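Quick setup: the structure tokens below cover two forms of a single protein chain, split into structure 1 and structure 2.
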Structure 1
């Protein structure tokens, strides 16, 4: 096996917890405490390699957290998640990205832009607007639904692929 430290960031309510639980336990949760931040370990084979993905599902935290601090030091890749029916969560994306660059002290940090809740019909964030933003950053964009599981494995697999390519350079 090979270890990858991933972090899932994005506005409250975008579906970070639902995406992680769907990946880990293969189930969709309608409700998961928005204040809980925790780490998960997904065991899956990617491109032949057995990978152990330690994933930090983030939540708002004021007081110091040793687990959050460990991911601030060792986190290799980030899923920046917004919800396609929430323009405000899309507006936050550039701030999450700029902050990540400062955390890693690097202009090149493995990252994937995720547009979640793609099962919903009342779309307010255009796919073109998200694809343009992802193109401007030089990163992949993946539309997901934690509800149907659409794109969930792609989002995490692609991030692992990005970390592998960054490590090659």
Structure 2
């Protein structure tokens, strides 16, 4: 069992809690308290390795949080989530990413850019701008849907893969 500390970040309403609960409990939450921050520890198999994912589902954008401070410093991977029907959530990505890098004091922080809510027809963030942004960062870009579970596993498994590549480089 190999441990992996992940932190799910992104604007309110992007689907962080829904993505996290889809991964851990295999159910879509239509409503979930936007205010609650919580951690989850689940055993999973990724590329033959039995992993233990310790995920922090962040909340409370405007307020202080000691748990999020501890997870931002010690976290190995960060799932940077935006919603494809929300250009402001996409525009906040660089802010979360640069905040993460500064708290980590490193330009080598494993991250995956997630474009959640790909099941919706009303779309505002073109796959091109998000792909170009991920390419500029040198990070993978996965489109997901917590509602249909599309790409949910691929998003967190890819983050674990980025952490392995970083861990073997150092």
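Whichever C-alpha set is largest while still superposing within 1.5 Å between the two forms counts as the rigid core. Numbering follows the first chain given and starts at 1.
No residue of 136, 50, 122, 61 other than 61 has its CA displaced by 2 Å or more between structure 1 and structure 2 when the core is superposed.
The rigid-core alignment places the CA of residue 70 2 Å or more apart between structure 1 and structure 2. Its Cα shifted by 1.1 Å between structure 1 and structure 2, residue 41 is reported here after superposition on the rigid core.
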